[PDB]
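# Per-entry structural report
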Amino acid sequence: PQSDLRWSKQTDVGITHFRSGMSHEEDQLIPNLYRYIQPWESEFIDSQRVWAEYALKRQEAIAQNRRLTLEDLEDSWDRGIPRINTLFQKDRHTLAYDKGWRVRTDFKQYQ
Amino acid sequence: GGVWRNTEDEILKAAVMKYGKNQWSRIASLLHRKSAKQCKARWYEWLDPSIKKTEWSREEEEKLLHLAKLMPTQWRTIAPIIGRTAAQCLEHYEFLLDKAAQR
Amino acid sequence: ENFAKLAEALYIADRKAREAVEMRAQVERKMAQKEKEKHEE
Amino acid sequence: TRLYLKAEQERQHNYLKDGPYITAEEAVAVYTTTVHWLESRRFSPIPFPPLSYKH
Amino acid sequence: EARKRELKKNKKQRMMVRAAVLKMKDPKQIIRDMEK
Amino acid sequence: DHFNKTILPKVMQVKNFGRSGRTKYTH
Amino acid sequence: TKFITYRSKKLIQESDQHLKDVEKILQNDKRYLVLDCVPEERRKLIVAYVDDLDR
Amino acid sequence: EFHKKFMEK
Amino acid sequence: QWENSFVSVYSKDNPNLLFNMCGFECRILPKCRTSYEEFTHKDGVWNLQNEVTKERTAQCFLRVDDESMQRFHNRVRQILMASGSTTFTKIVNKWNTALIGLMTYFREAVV
Amino acid sequence: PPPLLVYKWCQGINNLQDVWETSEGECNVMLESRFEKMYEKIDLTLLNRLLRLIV
């Protein structure tokens, strides 16, 4: 409600009352979580054209003799098809020798 | 652990005869060496009065030889069917029959 | 007796399949040794 | 839970006393089919874990 | 739901105990006898 | 009644666990 | 092509790199292949769009 | 009785 | 079992084509082969472009499956019946962990 | 698991060899099922045989 956004301050002159911006229309606290998630169409479409830059950069890094620059990856750090954070994670070489996490997680319900 | 000494075995037999069979917590509070599951496993393995700890014959050997090929694993399923029901004498008899027939 | 008759049949099938797989592997090795020699020549 | 425990006990007793096999002819056939499939795929079996492996 | 009823019962028991304690050592029961 | 009561998902007469009535004068 | 955000105007006014990024993100534009028979026409359309965005 | 109960639950 | 299976047929008579994967149900129909009404209450439409021609071939309208909905019913009911002693912060945490389930596990179909 | 399965599934249904063509009287059928036999309903001896065949 627009009648629950009033705050007062008594600092120098007196108790000055003010109101939050609600004169346009009714208030809407959470419009939708769906509009903040980058849904599957946008996610898959963007992340499809993400690794291609990583392979043009990995190819560029191997041709130019450059290392994995986190600054160059900051533009392709968003999500990846899988997490890009796992690509440059701390256990990258210690977690890569384990295949089948989805099946192990699925039957965890029965464990 | 679980050395299963003779003085502990006699105390476990006396606790099984005095207290009962379906009360494993009451028998584990008078030994101070094993838990209730270990005491129940010992009572079902060596301290059972129906366990045939001796008299290995040729009929039981022929029964175990005609059962290890039908079921290679699950020796605990063939424990009460063969008649040993100790869950370790069957594997020992299978090892003896495999070592004696190998030479 | 059906479990024992199934186990003996599975053992006989394994004993008749291992020899067949060994014969097929020997024939494939003979064909490979007859192909690679002609290719090297 | 206790009802399902009784039901599973009854099923195990029926499997043990009775002979509800797996169609031993069809079972041998499926085993032969899996053998041919593995031979076509050329998948090697598992070298059971030694103690001197790196990973 | 039922926690409210449990807390109300506990508070009622505490109030009864406090009333009994104030009445047992009351000015009309204890101090009145202390002056006698 | 300050709200629009049209942007709402389907309808909201009274969310007070007492909606015995059912009418809007649609017919 | 990356125009739904409000920072598209700044990227367009900065240089032609934002246009390259929009083309890379919209690489699968079937309309771009439909307008491929007239590449001068596609360039004119892109220039008109950039001028309309810069107005 | 038991069969339908074990199937539907 | 037929009482647990589901068959769908697509011919000149049946234009809609049903799918039920492990999560949300889906229905495919072609754009260029006498498409259906195409309601699209939300903005969920998978423009499955042609692999070679790169042309809009069909639309795959998603919807949340009844099984996930029943699971969510059970979760909300269990949270509501988790009363008596629980603190309100714990309930907010449980409802966040529940809602995040109906979220990104699938989000395109939630709308 | 959900996005990759459903997406590759729909794209394969879309990327087939003219799968949506029904002019010559062709037909398509999609069958979804669950065996209800991927648990206790197993031949244990067959399991041991297959495991010895692969491991």
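Per the deposition metadata, cryo-EM was the technique used to determine this entry, at a resolution of 7.8 Å.

### Digging into the overall build of chain E
Of the regular secondary structure elements, chain E holds 2 helices and 0 strands. Along the first, second and third principal axes, the C-alpha atoms of chain E reach 50 × 5 × 5 Å.

### Concerning the sheet that holds strand β4 (residues 48-49) of chain I
Residues and elements named next belong to chain I. One open sheet holds the 4 strands; their spatial order is β2-β3-β5-β4, and the pairing between them is antiparallel. Looking at the sheet topology across the chains shown, the edges are occupied by β2 (17-20) and β4. When β4 meets strand β5 (residues 56-63), the two strands line up antiparallel, connected through 2 bridges. When the bridges of β5 are listed, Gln49 appears paired with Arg56.

### Considerations on unusual backbone geometry
With a phi angle near 60°, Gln74 of chain B is a residue other than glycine that sits in the positive phi range. Along the chain, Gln74 of chain B turns up in the loop between α4 (58-65) and α5 (79-82). Unusually for a residue other than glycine, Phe17 of chain F sits at a positive phi of about 60°.

### Things to note about the interface of chain J and chain I
Across the contact, 13 residues belong to chain J and 14 residues belong to chain I. Mapped by element, the contributors of at least two residues to the side of chain J that touches chain I are α1 (2-14) and β1 (28-32) of chain J. Among the elements that take part in the side of chain J that touches chain I, β1 of chain J stands out by supplying 5 residues, more than any other. Its residues assigned to classes, the side of chain J that touches chain I shows 6 nonpolar, 5 polar and 2 charged.

### Remarks on the arrangement of the chains
Ranking the 7 pairs of chains in contact by number of contacts places chains I and J first. One thing to see here is that chain D and chain H don't touch, and their nearest C-alpha atoms sit 7 Å from each other. No part of chain C reaches chain J; the closest C-alpha pair between them is 7 Å apart.

### Some thoughts on the pairing of β2 of chain I
All names here are of chain I. In this sheet, strand β3 (residues 25-30) lies alongside β2 in antiparallel orientation, the contact comprising 4 bridges. If you follow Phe19 over to β3, its bridge partner there is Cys26. The antiparallel pairing of β2 with β3 creates a hairpin that spans 4 residues between the two strands.

### Some words on the pairing of β3 of chain I
As paired elements, β3 of chain I and β5 of chain I share 6 bridges and run antiparallel to each other. Counterpart to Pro30 of chain I in the pairing with β5 of chain I is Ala58 of chain I.

The rules behind these values
Residues numbered from 1 in each chain as written, not as in the entry; some residues may be left out. Chains lettered and ligands numbered in written order. Part of a larger assembly, values for the part shown. Heavy atoms only, no water. Residues with missing side-chain atoms left out of burial classes, pairs and counts. Helix = DSSP H or I, 4+ residues; strand = E, 2+ residues; numbered from the N terminus. Pairing = 2+ DSSP bridges. Contact = heavy atoms within 4.5 Å. Nonpolar A, V, L, I, M, F, W, Y, C, P; charged D, E, K, R; others polar.

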